[PDB]
Each structure stands twice: as structure tokens, then as C-alpha cells.
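Before any questions on how it binds or moves, here is one chain, the form deposited in one PDB entry, in C-alpha cells.
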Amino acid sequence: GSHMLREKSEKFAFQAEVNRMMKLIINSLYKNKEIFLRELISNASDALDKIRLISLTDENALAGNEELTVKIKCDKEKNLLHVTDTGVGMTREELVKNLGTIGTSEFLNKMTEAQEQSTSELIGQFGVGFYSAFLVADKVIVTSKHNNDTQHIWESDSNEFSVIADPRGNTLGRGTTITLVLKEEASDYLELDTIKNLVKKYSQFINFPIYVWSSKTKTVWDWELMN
């Protein structure tokens, strides 16, 4: 039918607290923007722990994708940064609720009173590092495939968000791809050497293999282990 796209039932507004949280994060870490990559990798790691746990009790947990990895790709031409994990993934309902809504009050006051020291650790602690992606990106896209649902896409420029069934079908198998449309002034993150340095620094203590799609010398491209 056409009733879905004709009723904008895929459009959502963020919860007030999430709006306030995004601002605090953006205003707090304005001087240390590179941490966004650390947070995405951390979230990726957590997603992997979750499916690994589920695989303990569910023999079919890994049916959609046998690997447990984090792969980072730079698309300079497209101005896109991709961080893909083969973790638990998220259902449509989870994309809407986990990303659009949120000890939040305390954290709110904590974050404010934290900007009168630092918020870098607090963000990781409360698990809202995802939103730091907006420090370097104008648009944040989340493509996710959960075992209990079909692949879906969540997109946002921070002023609202939408979730749609992925017309490409199940291409992830299981997992999540965080796609960042980098702000013009954040083009440096499209550089391999830069991403490699950061990835290696923030992946050092991740219990899962983390790869960066890189080139080697003709010139060939392939996954390069960073940790």
C-alpha cells in the first residue's frame, strides 16, 4: 500500500530529554570531538557482547552472520564514515525507542554541573556516547538487522528522526552500521591515517577484532586489523 509513506508514520520527534542531552554533549566535547569514534567503537563492542551472551543460550543466535567483528570504512568521495559491527542489532521498535528516548535527570544535572570539569567519562558511563556522533556529522544514519526483525534504517539531522524498512533488504545478516555524513570541517576523519590512529587508540582494549578498510602497495584494498 501507500498509506504508510502517505501518513508519515515513519517520522518521529526526539524526546525532550534527548534534545537536551544532545546539546550538552555537543557543547561539552566541542574541544575533543575525536571521542565520537571511541564511543561508536564502545557501543559496537557492547553490541557484540550482547549477541555473544545470547549465543550462550540460543543455538541459532549467529545464524544471520557467523563473525563477531567491527569494520570501519572511509568513503571520501561520498563524505561518509561507516562503523559496522556484527552485534545483536536492533529491531525497528528498538531503533525508535533506544535512539529517540532515554537516572537521566541526575545525569542531566550532573552534565550541567560538569560544565561550570569534564563530560568525556560521564557520557561513556551513562551510555549516551552515540549522540557524540553529531559533533562531527550533519547527518547520522543507523542501518540495523536484528534476529527478530527485518533490516531497518534510522536517520537524523538531530532535528527529528525517521525509521524506514530497508529497501535493500537484509544485507547486514545481523548487526549495525553507523553511517556519518561528515560536517565539512570534519573531513579529516575521512583520512585513513587519521582513522587508523584513532581506531588503534580506541580499539586497543576491545575484546573483538576491529578492522579498517585500508590500502596497501599496485594499490590493493582490504581489511586491516587494528587491535
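Don't overthink the numbering: it's just position in the shown sequence, from 1. For the two forms, the rigid core is made up of the largest set of C-alpha atoms that agree within 1.5 Å on superposition.
In the record comparison, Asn109 is unmodelled in at least a third of the other entries of this protein that model the residues flanking it. The deposited sequence places 1 to 3 unmodelled residues between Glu116 and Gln117.
Of the two stretches examined, 185-193 and 33-41, the record assigns the greater average C-alpha temperature factor to 185-193. As the entry records it, the average C-alpha temperature factor is higher for 124-132, out of 77-85 and 124-132. For the set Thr179, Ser162, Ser28, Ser55, the PDB entry puts the maximum C-alpha B factor at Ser28. The entry lists a Cα temperature factor for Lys145 that places it in the lowest third of the chain's modelled residues. Sort the chain's modelled residues by C-alpha temperature factor and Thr101 lands in the middle third, per the entry.
When the modelled residues of the chain are ordered by C-alpha B-factor, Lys110 sits in the highest third.
Among all modelled residues in this chain, the alpha-carbon of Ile51 has a temperature factor (C-alpha) in the lowest third. Ranked against the other modelled residues of its chain, the C-alpha B-factor of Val199 as given in the entry falls in the highest third.
The form deposited in another entry is left out here; the points below concern that form.
In a rigid core superposition between this form and the one not shown, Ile123 is the single residue of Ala133, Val88, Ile123, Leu81 whose Cα is displaced by 2 Å or more.
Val18 is among the residues whose C-alpha shifts by 2 Å or more between this form and the one not shown once the rigid core is aligned. In a rigid-core overlay of the protein, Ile153 has its C-alpha displaced by under 2 Å between this form and the one not shown. Once the rigid core is overlaid between this form and the one not shown, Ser28 counts among the residues whose Cα shifts by 2 Å or more. Annotation for the pair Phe36/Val18: C-alpha atoms recede from each other in the other form, by 3 Å or more compared with this form. The pair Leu24 and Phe36 is at least 3 angstroms farther apart at the CA level in the other form than in the present model.
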